[PDB]
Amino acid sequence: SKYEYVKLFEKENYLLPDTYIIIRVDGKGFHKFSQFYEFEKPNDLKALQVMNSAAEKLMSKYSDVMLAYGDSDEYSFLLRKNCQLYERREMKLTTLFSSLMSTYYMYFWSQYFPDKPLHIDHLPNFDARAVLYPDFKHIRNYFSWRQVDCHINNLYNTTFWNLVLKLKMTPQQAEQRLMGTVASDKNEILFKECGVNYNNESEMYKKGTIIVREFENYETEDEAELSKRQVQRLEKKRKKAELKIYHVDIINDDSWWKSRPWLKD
């Protein structure tokens, strides 16, 4: 062929070996998406379960995914540092994750909301990015970062929508009322003025959602030395593992991580 040379213009990006990979997916324009389909505000319970169902399905399909954290319209997936899925090609990994979440979300949406058929100009789409982390302390810090943001965003939105719904404020006056406020202020506004105790909100709303792969007889046998069938049996054992869902603090509960050593290696 006189034309096949054009293949030489392609550039693959192989992610640095032996590094933890985070794949973060985030809904595109989900403010508009959540408005169009009338999410309950501040939080739509069934909408989050769709995200979570989507995430668990993806995670059960790919044994390299060790840990998942989701809230709002985002999910973060931790791939083990020795992951060889698609030879660690960033193009493959990211475009497959954004494709899967889109389609899994679309599938499960038709299950949970049969009376809200999707409009062609409002299908659920997601982006995806890969981030490399060379040390597990950065992994701890990454998920702590994301859970802290969930708290802040959930506290704000719960406060915001209660100002609108309980006090019959317009969005603009709700926003202005909150400018200049810290976490303790919003809590006071919610309790004293709206009659809502934030601490009594659902654990899923306050903490977000953790989906983690659970192993029973784990020994830190995973090493560079052993290979071939050992790797393949380990691939099989990872596939035949169980997914558990939690709504807990992972920021300050160090024992939670320590009792799950397969996350680091």
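When you see a residue number, it is the position in the sequence shown, counting from 1.
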Quick check: 224-232 versus 41-49, which has the larger average CA B-factor in the record?
224-232
The stretch carrying the higher mean Cα B factor in the deposited entry, 98-106 or 190-198, is 190-198
Per the PDB entry, which option out of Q84, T170, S144, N153 has the greatest Cα B factor?
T170
Whose C-alpha has the highest temperature factor in the PDB entry: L93, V148, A174, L78?
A174
Within this chain, which third does the Cα B-factor at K7 fall in: lowest, middle or highest?
lowest
Chain thirds of CA B-factor: placement of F215
highest
Would you mind ranking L118 by its C-alpha B-factor against the rest of the chain and naming the third, lowest, middle or highest?
middle
What third of the chain does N157 rank in for C-alpha temperature factor, lowest, middle or highest?
middle
Among the chain's modelled residues, which third holds the C-alpha B-factor of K57?
middle
